[PDB]
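Report on the following structure.
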Amino acid sequence: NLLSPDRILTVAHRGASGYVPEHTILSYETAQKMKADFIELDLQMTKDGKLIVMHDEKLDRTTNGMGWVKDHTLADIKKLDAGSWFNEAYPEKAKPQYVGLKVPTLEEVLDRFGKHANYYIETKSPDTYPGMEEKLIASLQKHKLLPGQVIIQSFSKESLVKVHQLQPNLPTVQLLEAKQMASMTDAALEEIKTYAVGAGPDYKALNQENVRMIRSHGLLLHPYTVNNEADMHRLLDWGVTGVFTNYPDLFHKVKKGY
Ligand SMILES: [Ca+2]
Ligand code: NA
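Mind the numbering: the sequence shown is residues 31 to 176, 182 to 293 in the deposited numbering, read in order.
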């Protein structure tokens, strides 16, 4: 099954974001067609309390809007162009159909794919957007998704502990920045295992030894953000159990050898 350590998972990071503007319905659809195991979502909360999918706290990078998501209503956000930025940033990858792509709500992504997709969803520290975890859980329940159907990822330990006590059968993954992974110990991994099924470190901090160490605690191991073929091979040879990639078709091809 999806949470088996012997299964290698393709997590399409913000969808097929290497080819399609990140965190759009089209990006996720493309990831699905490319046979990704999971589509990956980041959440922000609007002024009127709605969960939308966006990586940054600000609209600036990926829309023609400006400012903090939480200062804008959903209605105004839905007017924005969340695709043209990609054509500008990567002119060699530009496509006319990317003009006018919209920011989706969490609700729209879940409604779009239902049980036909598996979702890898980020939460924030609970103080960032109060009630985010509860709204997320309720949205998942609405679409009858509450395993491996949904994995919750977060840098925030408190968020994952909260999730784990609210929904004990909702798999979580502790995200780890480079320096955190650099100084990882068996004790810390043992702590992580009490609420999380896996770890998700910056892949740059990985080597054979600490990969073996994470694996020794029976934890899943999904480094981010792995886009280069050479790195895919090295990490799989070391023993990671999946990756976050912007190029899910490439990783699909590579992992067949492992
Ligand atoms: Ca991510
Ligand atoms: Na912009």
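We put the CB at the ideal spot given by N, CA and C, even for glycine.
Subject >> N- and C-terminal bounds of the beta strand (DSSP E) containing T280 >> reply: Membership of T280 in the beta strand (DSSP E) is indicated by the continuous run 277-280.
Subject >> Alpha carbon of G274 to alpha carbon of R250, nearest angstrom >> reply: 8 Å
Original post:
Which residues have a Cβ closer than 6 Å to any heavy atom of ligand 2, listed in chain order?
Top reply: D90, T93, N94, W115
**OP:** Look up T93 in the DSSP assignment and give the residues it is bridged to.
**Re:** DSSP lists no partner for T93.
**OP:** Measuring alpha carbon to alpha carbon, tell me which of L255, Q188, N204, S191 ends up nearest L175.
**Re:** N204
Original post:
Going straight from the alpha carbon of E52 to that of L39, what length do you get?
Top reply: 20 Å
Original post:
Taking 8 Å as the line, does the beta carbon of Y259 fall inside it for any heavy atom of ligand 1?
Top reply: Relative to ligand 1, the beta carbon of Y259 is positioned inside 8 Å of a heavy atom.
**OP:** Return the CA-CA distance between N262 and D272, expressed in angstroms with no decimal places.
**Re:** 16 Å
Original post:
If you compare alpha carbons, which of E59, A240, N245 is closest to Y259?
Top reply: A240
Original post:
Using CA coordinates, which residue listed in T54, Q209, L71 is at the minimum distance from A234?
Top reply: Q209
**OP:** Figure out for me which residue from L285, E137, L256, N281 has the closest Cα to the Cα of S47.
**Re:** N281
Subject >> Alpha-carbon spacing of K197 relative to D111, whole angstroms >> reply: 35 Å
Subject >> Between the CA atoms of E118 and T135 - distance to the nearest angstrom >> reply: 24 Å
Original post:
Hey, out of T54, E138, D284, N148, whose CA is closest to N31's CA?
Top reply: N148
**OP:** Work out the CA separation of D78 and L104 for me, nearest whole Å.
**Re:** 7 Å
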